[PDB]
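Asks: Pasting a structure here, questions to come.
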Amino acid sequence: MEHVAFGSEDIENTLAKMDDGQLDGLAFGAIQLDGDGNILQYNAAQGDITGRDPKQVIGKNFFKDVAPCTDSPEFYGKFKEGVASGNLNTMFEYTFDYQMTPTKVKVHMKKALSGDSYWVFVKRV
Ligand SMILES: *C(=O)/C=C/c1ccc(O)cc1
């Protein structure tokens, strides 16, 4: 298992160094998005939470297609504010309930180290 803790101050530095295989060793869910919300990476721990097969969601749009419950000012609105301002770093609780048993999570969104892609980190609560 990779040793990186959810919510770490320098998490984006650690994950910039990791390939796909290593992302799958994280203890929490990790999704990498572009600025339009298209899914670039989606790890195994996230699929364990949500029942989605990573291979099938990569390339889809997270807010339009995969996770409509996150199309809300509270989630998608904060994402788009952070993409526009260049300072995305926020943590909040949320419920995921589209085609799945409703599941409470903690979400951390953070800009990636290079600044042109964005992470969504998820763990159960
Ligand atoms: C709400 O529709 C949430 C859906 C969801 C969240 C996260 C995922 O990785 C997949 C689906």
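Residues in the structure tokens are numbered from 1 in each chain, the chains being A, B, ... in the order shown, and ligands are numbered from 1 in the order shown.
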Using DSSP on the backbone, list every residue of region 4-118 of chain A that comes out as strand (DSSP E or B), and give them as an NGL selection string.
Replies: :A and (29-33 or 38-42 or 61 or 89-96 or 103-111 or 118)
Asks: Restricting it to N, CA and C atoms, dump the selection as a PDB file, in the first residue's frame.
Replies:
```
ATOM      1  N   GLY A  29      -9.660   6.994  -2.209  1.00  0.00           N
ATOM      2  CA  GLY A  29     -10.000   7.196  -3.599  1.00  0.00           C
ATOM      3  C   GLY A  29      -9.330   8.421  -4.158  1.00  0.00           C
ATOM      4  N   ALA A  30      -8.917   8.339  -5.423  1.00  0.00           N
ATOM      5  CA  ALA A  30      -8.278   9.482  -6.070  1.00  0.00           C
ATOM      6  C   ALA A  30      -8.756   9.513  -7.532  1.00  0.00           C
ATOM      7  N   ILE A  31      -9.223  10.662  -7.920  1.00  0.00           N
ATOM      8  CA  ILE A  31      -9.651  10.902  -9.274  1.00  0.00           C
ATOM      9  C   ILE A  31      -8.904  12.110  -9.740  1.00  0.00           C
ATOM     10  N   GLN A  32      -8.309  12.100 -10.936  1.00  0.00           N
ATOM     11  CA  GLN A  32      -7.692  13.274 -11.527  1.00  0.00           C
ATOM     12  C   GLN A  32      -8.594  13.750 -12.644  1.00  0.00           C
ATOM     13  N   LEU A  33      -8.920  15.050 -12.607  1.00  0.00           N
ATOM     14  CA  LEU A  33      -9.785  15.664 -13.632  1.00  0.00           C
ATOM     15  C   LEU A  33      -9.067  16.720 -14.411  1.00  0.00           C
ATOM     16  N   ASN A  38     -13.326  16.231 -17.089  1.00  0.00           N
ATOM     17  CA  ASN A  38     -13.114  14.933 -17.707  1.00  0.00           C
ATOM     18  C   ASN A  38     -12.162  14.105 -16.855  1.00  0.00           C
ATOM     19  N   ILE A  39     -12.472  12.802 -16.740  1.00  0.00           N
ATOM     20  CA  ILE A  39     -11.675  11.930 -15.863  1.00  0.00           C
ATOM     21  C   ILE A  39     -10.441  11.424 -16.536  1.00  0.00           C
ATOM     22  N   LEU A  40      -9.295  11.775 -15.970  1.00  0.00           N
ATOM     23  CA  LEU A  40      -7.980  11.402 -16.482  1.00  0.00           C
ATOM     24  C   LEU A  40      -7.438  10.148 -15.799  1.00  0.00           C
ATOM     25  N   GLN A  41      -7.703  10.012 -14.496  1.00  0.00           N
ATOM     26  CA  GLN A  41      -7.254   8.849 -13.737  1.00  0.00           C
ATOM     27  C   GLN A  41      -8.305   8.587 -12.683  1.00  0.00           C
ATOM     28  N   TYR A  42      -8.413   7.349 -12.294  1.00  0.00           N
ATOM     29  CA  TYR A  42      -9.469   6.928 -11.354  1.00  0.00           C
ATOM     30  C   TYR A  42      -8.952   5.671 -10.677  1.00  0.00           C
ATOM     31  N   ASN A  61     -17.136  12.456 -18.483  1.00  0.00           N
ATOM     32  CA  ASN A  61     -17.160  13.687 -17.696  1.00  0.00           C
ATOM     33  C   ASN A  61     -17.751  13.387 -16.331  1.00  0.00           C
ATOM     34  N   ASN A  89      -8.351  24.127  -3.133  1.00  0.00           N
ATOM     35  CA  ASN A  89      -7.902  23.353  -1.994  1.00  0.00           C
ATOM     36  C   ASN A  89      -9.018  23.413  -0.956  1.00  0.00           C
ATOM     37  N   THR A  90      -9.898  22.419  -0.950  1.00  0.00           N
ATOM     38  CA  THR A  90     -11.070  22.526  -0.055  1.00  0.00           C
ATOM     39  C   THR A  90     -11.469  21.125   0.344  1.00  0.00           C
ATOM     40  N   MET A  91     -11.996  21.033   1.527  1.00  0.00           N
ATOM     41  CA  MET A  91     -12.417  19.711   2.064  1.00  0.00           C
ATOM     42  C   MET A  91     -13.799  19.835   2.618  1.00  0.00           C
ATOM     43  N   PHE A  92     -14.652  18.862   2.405  1.00  0.00           N
ATOM     44  CA  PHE A  92     -16.067  18.926   2.812  1.00  0.00           C
ATOM     45  C   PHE A  92     -16.646  17.508   2.848  1.00  0.00           C
ATOM     46  N   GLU A  93     -17.761  17.315   3.511  1.00  0.00           N
ATOM     47  CA  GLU A  93     -18.466  16.033   3.453  1.00  0.00           C
ATOM     48  C   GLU A  93     -19.552  16.052   2.399  1.00  0.00           C
ATOM     49  N   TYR A  94     -19.878  14.868   1.897  1.00  0.00           N
ATOM     50  CA  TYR A  94     -20.827  14.785   0.810  1.00  0.00           C
ATOM     51  C   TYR A  94     -21.470  13.416   0.858  1.00  0.00           C
ATOM     52  N   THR A  95     -22.596  13.198   0.165  1.00  0.00           N
ATOM     53  CA  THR A  95     -23.247  11.900   0.036  1.00  0.00           C
ATOM     54  C   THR A  95     -23.283  11.539  -1.435  1.00  0.00           C
ATOM     55  N   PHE A  96     -22.777  10.384  -1.769  1.00  0.00           N
ATOM     56  CA  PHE A  96     -22.866   9.853  -3.127  1.00  0.00           C
ATOM     57  C   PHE A  96     -24.003   8.859  -3.210  1.00  0.00           C
ATOM     58  N   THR A 103     -23.864   6.774   0.269  1.00  0.00           N
ATOM     59  CA  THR A 103     -22.611   6.580   0.979  1.00  0.00           C
ATOM     60  C   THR A 103     -22.041   7.932   1.356  1.00  0.00           C
ATOM     61  N   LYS A 104     -21.837   8.179   2.640  1.00  0.00           N
ATOM     62  CA  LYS A 104     -21.255   9.444   3.109  1.00  0.00           C
ATOM     63  C   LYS A 104     -19.737   9.382   2.947  1.00  0.00           C
ATOM     64  N   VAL A 105     -19.184  10.485   2.458  1.00  0.00           N
ATOM     65  CA  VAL A 105     -17.753  10.564   2.213  1.00  0.00           C
ATOM     66  C   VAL A 105     -17.206  11.882   2.676  1.00  0.00           C
ATOM     67  N   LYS A 106     -15.885  11.938   2.847  1.00  0.00           N
ATOM     68  CA  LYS A 106     -15.138  13.178   2.961  1.00  0.00           C
ATOM     69  C   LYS A 106     -14.433  13.381   1.626  1.00  0.00           C
ATOM     70  N   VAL A 107     -14.472  14.580   1.100  1.00  0.00           N
ATOM     71  CA  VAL A 107     -13.879  14.913  -0.193  1.00  0.00           C
ATOM     72  C   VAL A 107     -12.869  16.008   0.042  1.00  0.00           C
ATOM     73  N   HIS A 108     -11.689  15.819  -0.577  1.00  0.00           N
ATOM     74  CA  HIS A 108     -10.691  16.877  -0.637  1.00  0.00           C
ATOM     75  C   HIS A 108     -10.401  17.179  -2.090  1.00  0.00           C
ATOM     76  N   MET A 109     -10.629  18.393  -2.553  1.00  0.00           N
ATOM     77  CA  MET A 109     -10.269  18.759  -3.924  1.00  0.00           C
ATOM     78  C   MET A 109      -9.033  19.614  -3.846  1.00  0.00           C
ATOM     79  N   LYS A 110      -8.060  19.332  -4.709  1.00  0.00           N
ATOM     80  CA  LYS A 110      -6.823  20.129  -4.679  1.00  0.00           C
ATOM     81  C   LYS A 110      -6.244  20.211  -6.071  1.00  0.00           C
ATOM     82  N   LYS A 111      -5.758  21.392  -6.443  1.00  0.00           N
ATOM     83  CA  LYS A 111      -5.055  21.479  -7.717  1.00  0.00           C
ATOM     84  C   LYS A 111      -3.838  20.597  -7.737  1.00  0.00           C
ATOM     85  N   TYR A 118      -6.585  18.552 -11.709  1.00  0.00           N
ATOM     86  CA  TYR A 118      -7.208  18.769 -10.394  1.00  0.00           C
ATOM     87  C   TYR A 118      -7.509  17.401  -9.787  1.00  0.00           C
TER      88      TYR A 118
END
```
Asks: Could the residues that lie within 7 Å of ligand 1, counting only C-alpha atoms and all ligand atoms, be listed as a ChimeraX atom specification?
Replies: /A:46-47,50,52,66-70,96-98
Asks: Could you give me, as a PDB file with N, CA, C and O atoms, in the first residue's frame, each residue of chain A that DSSP assigns to alpha helix (DSSP H) when run on this structure's backbone?
Replies:
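Wrote it out as selection-v7.pdb, contents follow:
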```pdb
ATOM      1  N   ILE A  11       0.281  16.559  -0.459  1.00  0.00           N
ATOM      2  CA  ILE A  11      -0.177  15.369  -1.141  1.00  0.00           C
ATOM      3  C   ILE A  11       0.010  15.501  -2.629  1.00  0.00           C
ATOM      4  O   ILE A  11       0.286  14.498  -3.284  1.00  0.00           O
ATOM      5  N   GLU A  12      -0.183  16.703  -3.194  1.00  0.00           N
ATOM      6  CA  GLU A  12      -0.049  16.797  -4.642  1.00  0.00           C
ATOM      7  C   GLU A  12       1.415  16.609  -5.055  1.00  0.00           C
ATOM      8  O   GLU A  12       1.657  16.228  -6.221  1.00  0.00           O
ATOM      9  N   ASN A  13       2.400  16.884  -4.189  1.00  0.00           N
ATOM     10  CA  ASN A  13       3.786  16.638  -4.574  1.00  0.00           C
ATOM     11  C   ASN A  13       4.048  15.127  -4.644  1.00  0.00           C
ATOM     12  O   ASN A  13       4.688  14.557  -5.521  1.00  0.00           O
ATOM     13  N   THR A  14       3.494  14.397  -3.661  1.00  0.00           N
ATOM     14  CA  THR A  14       3.689  12.967  -3.647  1.00  0.00           C
ATOM     15  C   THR A  14       3.047  12.289  -4.829  1.00  0.00           C
ATOM     16  O   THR A  14       3.618  11.382  -5.449  1.00  0.00           O
ATOM     17  N   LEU A  15       1.811  12.684  -5.115  1.00  0.00           N
ATOM     18  CA  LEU A  15       1.127  12.000  -6.217  1.00  0.00           C
ATOM     19  C   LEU A  15       1.678  12.415  -7.566  1.00  0.00           C
ATOM     20  O   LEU A  15       1.509  11.685  -8.547  1.00  0.00           O
ATOM     21  N   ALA A  16       2.403  13.544  -7.683  1.00  0.00           N
ATOM     22  CA  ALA A  16       2.949  13.906  -9.002  1.00  0.00           C
ATOM     23  C   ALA A  16       4.000  12.892  -9.420  1.00  0.00           C
ATOM     24  O   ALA A  16       4.329  12.726 -10.592  1.00  0.00           O
ATOM     25  N   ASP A  20       0.192   5.046 -12.660  1.00  0.00           N
ATOM     26  CA  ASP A  20      -1.155   4.537 -12.453  1.00  0.00           C
ATOM     27  C   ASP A  20      -1.177   3.380 -11.461  1.00  0.00           C
ATOM     28  O   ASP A  20      -2.050   3.243 -10.599  1.00  0.00           O
ATOM     29  N   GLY A  21      -0.176   2.537 -11.677  1.00  0.00           N
ATOM     30  CA  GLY A  21      -0.104   1.369 -10.814  1.00  0.00           C
ATOM     31  C   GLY A  21       0.010   1.821  -9.377  1.00  0.00           C
ATOM     32  O   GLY A  21      -0.677   1.301  -8.526  1.00  0.00           O
ATOM     33  N   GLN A  22       0.854   2.791  -9.085  1.00  0.00           N
ATOM     34  CA  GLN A  22       1.011   3.223  -7.700  1.00  0.00           C
ATOM     35  C   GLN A  22      -0.239   3.931  -7.192  1.00  0.00           C
ATOM     36  O   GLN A  22      -0.557   3.823  -6.009  1.00  0.00           O
ATOM     37  N   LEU A  23      -0.949   4.669  -8.051  1.00  0.00           N
ATOM     38  CA  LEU A  23      -2.143   5.318  -7.556  1.00  0.00           C
ATOM     39  C   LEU A  23      -3.126   4.318  -6.977  1.00  0.00           C
ATOM     40  O   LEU A  23      -3.913   4.569  -6.066  1.00  0.00           O
ATOM     41  N   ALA A  44      -8.141   2.363  -7.925  1.00  0.00           N
ATOM     42  CA  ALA A  44      -8.863   1.171  -7.505  1.00  0.00           C
ATOM     43  C   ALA A  44      -9.630   1.456  -6.222  1.00  0.00           C
ATOM     44  O   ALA A  44     -10.754   0.956  -6.028  1.00  0.00           O
ATOM     45  N   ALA A  45      -9.109   2.224  -5.281  1.00  0.00           N
ATOM     46  CA  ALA A  45      -9.806   2.462  -4.025  1.00  0.00           C
ATOM     47  C   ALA A  45     -11.087   3.225  -4.296  1.00  0.00           C
ATOM     48  O   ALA A  45     -12.068   3.008  -3.597  1.00  0.00           O
ATOM     49  N   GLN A  46     -11.102   4.137  -5.259  1.00  0.00           N
ATOM     50  CA  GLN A  46     -12.323   4.863  -5.569  1.00  0.00           C
ATOM     51  C   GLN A  46     -13.359   3.876  -6.087  1.00  0.00           C
ATOM     52  O   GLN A  46     -14.551   3.920  -5.746  1.00  0.00           O
ATOM     53  N   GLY A  47     -13.005   2.964  -6.994  1.00  0.00           N
ATOM     54  CA  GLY A  47     -13.955   1.986  -7.525  1.00  0.00           C
ATOM     55  C   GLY A  47     -14.508   1.087  -6.448  1.00  0.00           C
ATOM     56  O   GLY A  47     -15.668   0.668  -6.550  1.00  0.00           O
ATOM     57  N   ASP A  48     -13.715   0.825  -5.409  1.00  0.00           N
ATOM     58  CA  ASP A  48     -14.229   0.037  -4.264  1.00  0.00           C
ATOM     59  C   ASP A  48     -15.316   0.792  -3.510  1.00  0.00           C
ATOM     60  O   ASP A  48     -16.240   0.235  -2.889  1.00  0.00           O
ATOM     61  N   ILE A  49     -15.236   2.132  -3.497  1.00  0.00           N
ATOM     62  CA  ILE A  49     -16.282   2.894  -2.803  1.00  0.00           C
ATOM     63  C   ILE A  49     -17.560   2.945  -3.619  1.00  0.00           C
ATOM     64  O   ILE A  49     -18.689   2.856  -3.115  1.00  0.00           O
ATOM     65  N   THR A  50     -17.404   3.175  -4.939  1.00  0.00           N
ATOM     66  CA  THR A  50     -18.518   3.527  -5.763  1.00  0.00           C
ATOM     67  C   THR A  50     -19.061   2.442  -6.681  1.00  0.00           C
ATOM     68  O   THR A  50     -20.135   2.576  -7.292  1.00  0.00           O
ATOM     69  N   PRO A  54     -12.822   1.385 -12.933  1.00  0.00           N
ATOM     70  CA  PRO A  54     -11.993   2.494 -13.389  1.00  0.00           C
ATOM     71  C   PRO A  54     -11.806   2.532 -14.889  1.00  0.00           C
ATOM     72  O   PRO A  54     -11.927   3.624 -15.502  1.00  0.00           O
ATOM     73  N   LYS A  55     -11.560   1.359 -15.438  1.00  0.00           N
ATOM     74  CA  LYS A  55     -11.300   1.349 -16.898  1.00  0.00           C
ATOM     75  C   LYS A  55     -12.479   1.906 -17.651  1.00  0.00           C
ATOM     76  O   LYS A  55     -12.333   2.558 -18.701  1.00  0.00           O
ATOM     77  N   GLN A  56     -13.702   1.771 -17.166  1.00  0.00           N
ATOM     78  CA  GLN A  56     -14.816   2.269 -17.941  1.00  0.00           C
ATOM     79  C   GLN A  56     -15.184   3.730 -17.760  1.00  0.00           C
ATOM     80  O   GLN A  56     -15.907   4.341 -18.557  1.00  0.00           O
ATOM     81  N   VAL A  57     -14.711   4.317 -16.671  1.00  0.00           N
ATOM     82  CA  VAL A  57     -15.109   5.732 -16.489  1.00  0.00           C
ATOM     83  C   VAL A  57     -14.055   6.699 -17.006  1.00  0.00           C
ATOM     84  O   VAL A  57     -14.309   7.898 -17.153  1.00  0.00           O
ATOM     85  N   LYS A  78     -17.748  24.684  -6.426  1.00  0.00           N
ATOM     86  CA  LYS A  78     -16.468  24.919  -5.784  1.00  0.00           C
ATOM     87  C   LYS A  78     -15.347  24.500  -6.704  1.00  0.00           C
ATOM     88  O   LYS A  78     -14.288  25.170  -6.774  1.00  0.00           O
ATOM     89  N   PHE A  79     -15.538  23.426  -7.473  1.00  0.00           N
ATOM     90  CA  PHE A  79     -14.518  22.997  -8.427  1.00  0.00           C
ATOM     91  C   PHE A  79     -14.305  24.084  -9.448  1.00  0.00           C
ATOM     92  O   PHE A  79     -13.157  24.488  -9.718  1.00  0.00           O
ATOM     93  N   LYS A  80     -15.361  24.547 -10.057  1.00  0.00           N
ATOM     94  CA  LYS A  80     -15.174  25.530 -11.127  1.00  0.00           C
ATOM     95  C   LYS A  80     -14.616  26.822 -10.544  1.00  0.00           C
ATOM     96  O   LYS A  80     -13.834  27.472 -11.256  1.00  0.00           O
ATOM     97  N   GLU A  81     -14.963  27.254  -9.336  1.00  0.00           N
ATOM     98  CA  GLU A  81     -14.373  28.446  -8.724  1.00  0.00           C
ATOM     99  C   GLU A  81     -12.851  28.258  -8.581  1.00  0.00           C
ATOM    100  O   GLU A  81     -12.090  29.185  -8.846  1.00  0.00           O
ATOM    101  N   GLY A  82     -12.443  27.078  -8.138  1.00  0.00           N
ATOM    102  CA  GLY A  82     -11.024  26.794  -7.967  1.00  0.00           C
ATOM    103  C   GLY A  82     -10.295  26.700  -9.263  1.00  0.00           C
ATOM    104  O   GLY A  82      -9.117  27.130  -9.313  1.00  0.00           O
ATOM    105  N   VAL A  83     -10.874  26.145 -10.298  1.00  0.00           N
ATOM    106  CA  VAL A  83     -10.196  26.130 -11.618  1.00  0.00           C
ATOM    107  C   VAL A  83     -10.001  27.557 -12.082  1.00  0.00           C
ATOM    108  O   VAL A  83      -8.899  27.870 -12.565  1.00  0.00           O
ATOM    109  N   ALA A  84     -11.025  28.394 -11.912  1.00  0.00           N
ATOM    110  CA  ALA A  84     -10.948  29.773 -12.422  1.00  0.00           C
ATOM    111  C   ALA A  84      -9.955  30.586 -11.590  1.00  0.00           C
ATOM    112  O   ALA A  84      -9.201  31.402 -12.120  1.00  0.00           O
ATOM    113  N   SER A  85      -9.937  30.410 -10.271  1.00  0.00           N
ATOM    114  CA  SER A  85      -9.087  31.264  -9.461  1.00  0.00           C
ATOM    115  C   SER A  85      -7.671  30.765  -9.426  1.00  0.00           C
ATOM    116  O   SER A  85      -6.735  31.500  -9.086  1.00  0.00           O
TER     117      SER A  85
END
```
Asks: For residue 28 (chain A), which residue out of A:63, A:122, A:9, A:115 is the nearest one, using only C-alpha atoms?
Replies: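 Using only C-alpha atoms, the shortest distance to residue 28 (chain A) belongs to A:122.
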Asks: Using Å and a single decimal, report how far CA of residue 1 (chain A) sits from CA of residue 26 (chain A).
Replies: 6.0 Å
Asks: Nearest to residue 51 (chain A) among A:101, A:114, A:35, A:124, with distances taken over only C-alpha atoms: which residue is it?
Replies: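 Closest residue, counting only C-alpha atoms: A:101.
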Asks: So how many Å separate CA of residue 25 (chain A) and CA of residue 65 (chain A), to one decimal?
Replies: 26.0 Å
